[PDB]
Amino acid sequence: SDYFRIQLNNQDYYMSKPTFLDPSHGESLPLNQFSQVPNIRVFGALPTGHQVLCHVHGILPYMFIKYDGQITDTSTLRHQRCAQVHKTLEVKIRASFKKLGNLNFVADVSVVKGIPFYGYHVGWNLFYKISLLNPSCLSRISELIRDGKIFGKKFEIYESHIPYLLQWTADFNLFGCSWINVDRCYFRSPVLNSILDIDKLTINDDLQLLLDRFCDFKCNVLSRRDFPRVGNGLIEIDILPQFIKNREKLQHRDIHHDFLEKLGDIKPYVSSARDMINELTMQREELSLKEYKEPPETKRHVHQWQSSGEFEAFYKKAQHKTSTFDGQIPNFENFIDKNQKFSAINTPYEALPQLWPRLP
Amino acid sequence: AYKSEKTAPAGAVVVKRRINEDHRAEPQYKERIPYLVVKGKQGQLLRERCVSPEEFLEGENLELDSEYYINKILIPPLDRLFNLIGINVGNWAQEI
Amino acid sequence: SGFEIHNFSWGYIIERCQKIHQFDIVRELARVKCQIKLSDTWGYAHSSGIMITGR
Amino acid sequence: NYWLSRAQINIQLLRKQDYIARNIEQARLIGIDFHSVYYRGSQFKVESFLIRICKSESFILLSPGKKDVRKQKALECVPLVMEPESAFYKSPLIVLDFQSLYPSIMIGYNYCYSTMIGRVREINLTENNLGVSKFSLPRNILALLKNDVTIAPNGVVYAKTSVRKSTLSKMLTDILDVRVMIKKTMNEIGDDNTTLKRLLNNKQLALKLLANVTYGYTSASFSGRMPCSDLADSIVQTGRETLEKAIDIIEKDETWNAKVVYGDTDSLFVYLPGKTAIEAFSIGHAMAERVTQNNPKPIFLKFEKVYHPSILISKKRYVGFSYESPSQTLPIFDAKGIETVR
DNA sequence: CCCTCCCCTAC
DNA sequence: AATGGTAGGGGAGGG
Ligand SMILES: Nc1ccn([C@H]2C[C@H](O)[C@@H](COP(=O)(O)OP(=O)(O)OP(=O)(O)O)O2)c(=O)n1
Ligand SMILES: [Ca+2]
């Protein structure tokens with residue numbers, strides 16, 4: 001293929017001081033630098049079989065909170081509210097851990113739109129996207145916010161039971177023990193490590209072709225002093241989130257912000273199941289078996305339960321209780337308040353590329 | 001993961017005895033510890049006999065508790081399966 | 001691997017190096033020289049109590 | 001040679017059990033890494049599946065704390081375990097069981113976090129309690145959705161399939177399609193490769209466990225990261241109701257003078273006095289077909305096996321001679337819970 | 001006669 | 001340190 005492929009065998013993260021390969025500023029507080037940034041170490045193997053160490057920069061853990069503002073903001077009060085909540089959060093966590101400004105815990109706070117999952121909600125909802133710098137403290141921050149040890153009231157926290165590595169893989173369309181496709185990458189100063197004779201013994205024609213195609217020794221290779229090798233493997237590389245080509249292959253559907261499904265506007269939802277199905281079909285082809293199919297059957301179901309009548313009466317009473325006094329009957333075309341100026345806000349998958357290093 | 005030494009299982013007694021004789025003989029978590037029961041004084045607790053196979057084979061005068069095995073381990077399941085027919089294996093055992 | 005890695009195989013070597021030789025063989029067996037913390041009772045009780053970086 | 005044989009033998013044990021390949025396949029399918037397949041619990045796998053599915057439709061997932069889960073309503077709905085008539089059955093005993101009962105129910109009835117409105121009683125707009133969250137409802141949400149809703153047997157309003165197709169349904173149908181293909185491929189081969197059949201059986205068991213723990217993400221009242229007592233109560237209650245409806249359907253027919261003598265949460269033991277064990281297969285296929293056609297689309301009743309000589313001792317404890325197919329000649333000793341299997 | 005603790009299984 | 005639920009039965013030890 002035309003991609004530097006690295007299988008995701010083992011993954012881990014560590015905290016390090018920022019460099020020019022990692023972000024150093026936040027949107028909410030552009031004048032405050034980052035004390036440290038998290039990096040992800042990916043231990044994998046090239047298709048030729050040689051092991052490789054990959055350093056991933058620019059990935060920060062995040063969580064969502066309810067937005068305290070209004071949907072009528074002029075895109076400038078939103079920035080002020082984000083900056084104020086960022087400052088308050090940073091001060092409160094610094095006090096709890098036991099102006100100024102060093103940004104040791106919180107990186108950036110942003111406003112995004114979204115549809116909550118726990119319950120039936122149709123309209124767009126605004127959320128605070130709090131990006132943290134240390135993945136290990138995420139549970140502590142969530143607990144502090146939940147019990148109202150930071151703000152006046154007790155907030156509800158979204159997307160915190162998802163681990164940092166799982167969240168990163170889900171965001172970047174990465175699967176365990178699967179290829180990570182990158183268009184380009186940065187190489188460490190010794191391209192082929194020589195622990196004992198590893199460079200000489202493991203050298204290969206396919207490896208040489210891969211290195212010639214993907215390493216230029218004038219731009220890809222990093223400085224020895226600035227980026228010393230840390231891995232006990234043959235090849236060590238540093239990549240950026242833009243380099244990962246496994247993303248941009250996810251299918252994003254915006255159907256939950258209104259009754260698009262009911263109005264008629266616009267099967268393999270799990271991407272990994274197709275590979276297993278193909279493998280099984282190929283494996284059963286080796287036995288000269290026929291093709292796979294399943295015959296459906298018609299069903300004459302009507303399915304009233306034991307207390308269906310009581311439930312119907314209660315639903316009628318609830319409909320009477322929760323309804324506007326007279327007025328026009330609701331319609332599927334006008335129930336959601338249109339022209340709400342929601343296009344200015346960012347969908348969660350569009351907020352990910354923000355704060356990326358964006359190197360030359 | 002036991003409330004007390006009194007509530008410990010029969011295999012726990014054997015494992016603890018082996019640990020007492022040598023501290024490196026500590027079993028892993030959820031590891032099956034084999035043991036046998038041997039003849040003893042009347043009224044002795046089941047966990048009091050609890051002979052390990054290593055101790056049972058090296059024991060000069062250790063005999064399997066034939067009465068305990070035949071009654072407790074054999075009669076109840078056979079009775080449960082055969083009382084639905086109308087017969088009990090206890091009479092057959094007592095006749096032999 | 002190893003049939004029982006806690007009392008034997010790699011666990012015996014790790015314990016011996018930590019006790020007698022005062023050697024951190026776990027760091028040497030990892031795929032990263034630097035940057036590697038606490039005992040994991042869940043791993044010991046359930047599966048693979050030992051943890052080597054990258055393996 | 002003692003130690004060389006030990007090392008080679010453990011390597012061969014891992015190779016024969018196909019541990020590495022099976023774990024690699026599971027990690028590839030779920031999306032978690034190699035270590036987390038056997039190190040972490042099932043909730044991690046369910047979380048990976050759910051997050052990967054939900055991120056594409058901009059679903060923001062609630063993350064309740066320990067206190068929120070501890071204050072969740074208790075589970076009231078329980079599975080139906082019929083008390084057996086402890087006896088010896090010389091006549092053929094036809095057993096029937098739904099395939100993936102709870103996942104099939106979740107797919108068919110559109111039970112999910114995202115399709116639930118609230119309890120049909122105590123809806124008051126201002127404040128509704130449902131699961132581990134307290135929320136509010138729009139002004140005319142119920143009047144607008146007066147037709148495209150379904151009511152769970154425990155009294156929880158769910159959106160119909162016409163609007164808000166559930167994500168749990170999507171992941172479950174993908175998993176169940178893979179499992180059905182695996183099972184049909186395994187059944188299509190007879191004695192050609194015993195090892196291949198064993199590997200396929202392991203795969204289908206893993207997929208079934210994945211579906212069951214996807215159901216069990218809810219009802220995780222203890223050590224649950226995002227549970228919902230109402231959703232699990234609805235699933236269990238409609239499973240019990242489906243089982244009771246199947247019992248009534250089978251016992252109502254006068255062509256077969258058959259009575260249900262025992263039944264698990266989804267299984268169904270039907271006694272056929274003096275039916276020659278060759279009419280039993282046809283009768284059981286007919287009952288399975290009728291019950292399947294009397295239920296929603298994903299719900300399906302399988303014929304399973306026939307216990308010609310059988311003994312029902314107690315609940316979750318029986319033994320009998322199994323005849324999976326009419327072409328089978330030598331019965332398979334099938335025992336559940338009795339001293340032979342413990 | 002009844003209760004508690006422990007082991008293991010079936011869904 | 002991490003953990004998905006439900007129900008069911010039997011045996012040893014102590015009252
Ligand atoms: N470990 C398990 C086993 C079962 N169940 C629940 C959910 C299942 O829907 C139901 C019935 O389980 P079965 O073992 O009968 O299996 P399934 O019906 O899910 O599938 P299949 O019949 O294909 O084996 O019990 C569960 O929650 N956890
Ligand atoms: Ca079933």
# chains A, B, ... in the order shown; residues from 1 in each chain; ligands from 1
call {"tool": "residues_near_ligand", "arguments": {"ligand": "ligand 2", "cutoff": "6 Å", "atoms": "only C-alpha atoms (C1' of nucleotides) and all ligand atoms", "output": "list in words"}}
result
residues 97, 98, 99, 100, 101 and 266 of chain D
call {"tool": "write_last_selection", "arguments": {"atoms": "N, CA, C and O atoms", "output": "tab-separated table (two decimals), in the first residue's frame"}}
result
chain	number	residue	atom	x	y	z
D	97	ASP	N	-36.13	-23.26	22.68
D	97	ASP	CA	-35.48	-22.10	23.28
D	97	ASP	C	-35.33	-21.00	22.24
D	97	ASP	O	-34.96	-21.26	21.10
D	98	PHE	N	-35.60	-19.76	22.66
D	98	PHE	CA	-35.36	-18.60	21.81
D	98	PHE	C	-33.86	-18.37	21.64
D	98	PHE	O	-33.09	-18.54	22.58
D	99	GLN	N	-33.47	-17.98	20.44
D	99	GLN	CA	-32.07	-17.65	20.18
D	99	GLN	C	-31.80	-16.19	20.50
D	99	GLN	O	-32.46	-15.29	19.98
D	100	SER	N	-30.79	-15.97	21.35
D	100	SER	CA	-30.44	-14.64	21.84
D	100	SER	C	-31.68	-13.87	22.28
D	100	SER	O	-32.00	-12.83	21.71
D	101	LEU	N	-32.38	-14.39	23.30
D	101	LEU	CA	-33.69	-13.86	23.66
D	101	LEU	C	-33.64	-12.37	23.99
D	101	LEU	O	-34.41	-11.58	23.45
D	266	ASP	N	-35.77	-18.71	28.95
D	266	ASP	CA	-36.18	-18.80	27.56
D	266	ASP	C	-36.49	-20.21	27.08
D	266	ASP	O	-37.22	-20.35	26.09
call {"tool": "closest_atom_pairs", "arguments": {"of": "chain E", "to": "ligand 1", "cutoff": "12 Å", "atoms": "only C-alpha atoms (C1' of nucleotides) and all ligand atoms", "output": "tab-separated table"}}
result
residue	atom	partner	partner_atom_place_in_ligand_line	distance
E:9	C1'	ligand 1	1 (N)	11.6
E:10	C1'	ligand 1	14 (O)	8.1
E:11	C1'	ligand 1	25 (O)	4.5
call {"tool": "interface_residues", "arguments": {"of": "chain D", "to": "chain A", "cutoff": "6 Å", "atoms": "only C-alpha atoms", "output": "PyMOL selection string"}}
result
chain D and resi 27-29+31-33+52+56-63+113-117+120+139-140+142-144+153+163+293-295
call {"tool": "interface_residues", "arguments": {"of": "chain F", "to": "chain D", "cutoff": "10 Å", "atoms": "only C-alpha atoms (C1' of nucleotides)", "output": "list in words"}}
result
residues 2, 3, 4, 5, 6, 7, 8 and 9 of chain F
call {"tool": "select_by_dssp", "arguments": {"residues": "segment 18-50 of chain C", "states": "helix (DSSP H, G or I)", "output": "VMD selection string"}}
result
chain C and resid 18 to 21 25 to 29 41 to 46
call {"tool": "interface_residues", "arguments": {"of": "chain F", "to": "chain B", "cutoff": "12 Å", "atoms": "only C-alpha atoms (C1' of nucleotides)", "output": "PyMOL selection string"}}
result
chain F and resi 9-14
call {"tool": "interface_residues", "arguments": {"of": "chain B", "to": "chain E", "cutoff": "12 Å", "atoms": "only C-alpha atoms (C1' of nucleotides)", "output": "list in words"}}
result
residues 1, 2, 3, 4, 5, 6, 7, 8, 9, 10, 11, 12, 30 and 32 of chain B
call {"tool": "interface_residues", "arguments": {"of": "chain B", "to": "chain D", "cutoff": "9 Å", "atoms": "only C-alpha atoms", "output": "PyMOL selection string"}}
result
chain B and resi 77+80-81+83-85
call {"tool": "write_last_selection", "arguments": {"atoms": "N, CA and C atoms", "output": "compact mmCIF listing (two decimals), in the first residue's frame"}}
result
# COMPACT_ATOMS: atom_id res chain seq x y z
N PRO B 77 -27.22 -38.30 45.90
CA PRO B 77 -27.54 -38.06 44.48
C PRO B 77 -28.33 -39.19 43.84
N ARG B 80 -31.86 -38.87 45.00
CA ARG B 80 -32.52 -37.76 44.34
C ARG B 80 -32.95 -38.14 42.93
N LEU B 81 -32.09 -38.87 42.21
CA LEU B 81 -32.44 -39.31 40.86
C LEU B 81 -33.42 -40.48 40.85
N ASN B 83 -35.60 -41.50 43.64
CA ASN B 83 -36.84 -41.36 44.38
C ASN B 83 -38.00 -40.95 43.48
N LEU B 84 -37.71 -40.32 42.34
CA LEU B 84 -38.75 -40.02 41.37
C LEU B 84 -39.30 -41.27 40.70
N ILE B 85 -38.58 -42.39 40.80
CA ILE B 85 -39.08 -43.67 40.30
C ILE B 85 -39.89 -44.39 41.36
call {"tool": "atom_distance", "arguments": {"atom1": "atom CA of residue 62 of chain A", "atom2": "atom CA of residue 130 of chain A"}}
result
5.5 Å
call {"tool": "interface_residues", "arguments": {"of": "chain B", "to": "chain C", "cutoff": "12 Å", "atoms": "only C-alpha atoms", "output": "PyMOL selection string"}}
result
chain B and resi 1+24-31
call {"tool": "write_last_selection", "arguments": {"atoms": "C-alpha atoms", "output": "CSV table (one decimal), in the first residue's frame"}}
result
chain,number,residue,atom,x,y,z
B,1,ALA,CA,-11.6,-14.4,51.3
B,24,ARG,CA,6.5,-21.3,49.8
B,25,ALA,CA,3.6,-23.8,49.3
B,26,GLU,CA,1.1,-21.0,49.1
B,27,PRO,CA,-1.6,-21.7,46.4
B,28,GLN,CA,-2.7,-19.2,43.8
B,29,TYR,CA,-6.1,-17.5,43.8
B,30,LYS,CA,-8.9,-19.9,43.0
B,31,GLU,CA,-6.7,-22.9,42.7
call {"tool": "atom_distance", "arguments": {"atom1": "atom CA of residue 165 of chain D", "atom2": "atom CA of residue 155 of chain A"}}
result
29.1 Å
call {"tool": "residues_around", "arguments": {"residues": "residue 1 of chain F", "least_positions_apart": "5", "cutoff": "10 Å", "atoms": "only C-alpha atoms (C1' of nucleotides)", "output": "PyMOL selection string"}}
result
chain C and resi 39-43
call {"tool": "write_last_selection", "arguments": {"atoms": "C-alpha atoms", "output": "PDB file, in the first residue's frame"}}
result
ATOM      1  CA  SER C  39       1.119  -3.323  42.949  1.00  0.00           C
ATOM      2  CA  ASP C  40      -1.939  -4.582  41.055  1.00  0.00           C
ATOM      3  CA  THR C  41      -3.938  -6.947  43.255  1.00  0.00           C
ATOM      4  CA  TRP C  42      -6.550  -7.364  40.511  1.00  0.00           C
ATOM      5  CA  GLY C  43      -3.957  -8.671  38.062  1.00  0.00           C
TER       6      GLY C  43
END
call {"tool": "residues_around", "arguments": {"residues": "residue 7 of chain D", "least_positions_apart": "6", "cutoff": "12 Å", "atoms": "only C-alpha atoms (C1' of nucleotides)", "output": "list in words"}}
result
residues 1, 2, 3, 4 and 9 of chain C; 1, 13 and 14 of chain D
call {"tool": "write_last_selection", "arguments": {"atoms": "C-alpha atoms", "output": "mmCIF file, in the first residue's frame"}}
result
data_model
loop_
_atom_site.group_PDB
_atom_site.id
_atom_site.type_symbol
_atom_site.label_atom_id
_atom_site.label_comp_id
_atom_site.auth_asym_id
_atom_site.auth_seq_id
_atom_site.Cartn_x
_atom_site.Cartn_y
_atom_site.Cartn_z
ATOM 1 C CA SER C 1 4.710 -16.619 28.836
ATOM 2 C CA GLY C 2 5.113 -19.396 31.398
ATOM 3 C CA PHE C 3 2.780 -21.941 32.982
ATOM 4 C CA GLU C 4 2.881 -20.141 36.345
ATOM 5 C CA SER C 9 9.226 -18.618 35.348
ATOM 6 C CA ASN D 1 14.647 -33.052 28.815
ATOM 7 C CA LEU D 13 -0.892 -26.019 24.907
ATOM 8 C CA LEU D 14 -1.270 -22.362 23.965
#
call {"tool": "atom_distance", "arguments": {"atom1": "atom CA of residue 13 of chain C", "atom2": "atom CA of residue 33 of chain B"}}
result
25.7 Å
call {"tool": "closest_atom_pairs", "arguments": {"of": "chain C", "to": "chain A", "cutoff": "12 Å", "atoms": "only C-alpha atoms", "output": "tab-separated table"}}
result
residue	atom	partner	partner_atom	distance
C:27	CA	A:232	CA	10.8
C:28	CA	A:232	CA	9.2
C:29	CA	A:232	CA	9.2
C:30	CA	A:232	CA	7.5
C:31	CA	A:232	CA	4.5
C:32	CA	A:231	CA	4.1
C:33	CA	A:230	CA	5.5
C:34	CA	A:230	CA	6.1
C:35	CA	A:14	CA	7.4
C:36	CA	A:14	CA	9.3
C:52	CA	A:10	CA	10.9
C:53	CA	A:12	CA	8.2
C:54	CA	A:10	CA	5.7
C:55	CA	A:10	CA	7.2
call {"tool": "residues_around", "arguments": {"residues": "residue 14 of chain B", "least_positions_apart": "3", "cutoff": "10 Å", "atoms": "only C-alpha atoms (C1' of nucleotides)", "output": "PyMOL selection string"}}
result
chain B and resi 9-11+17-20+33-36+47-52+55
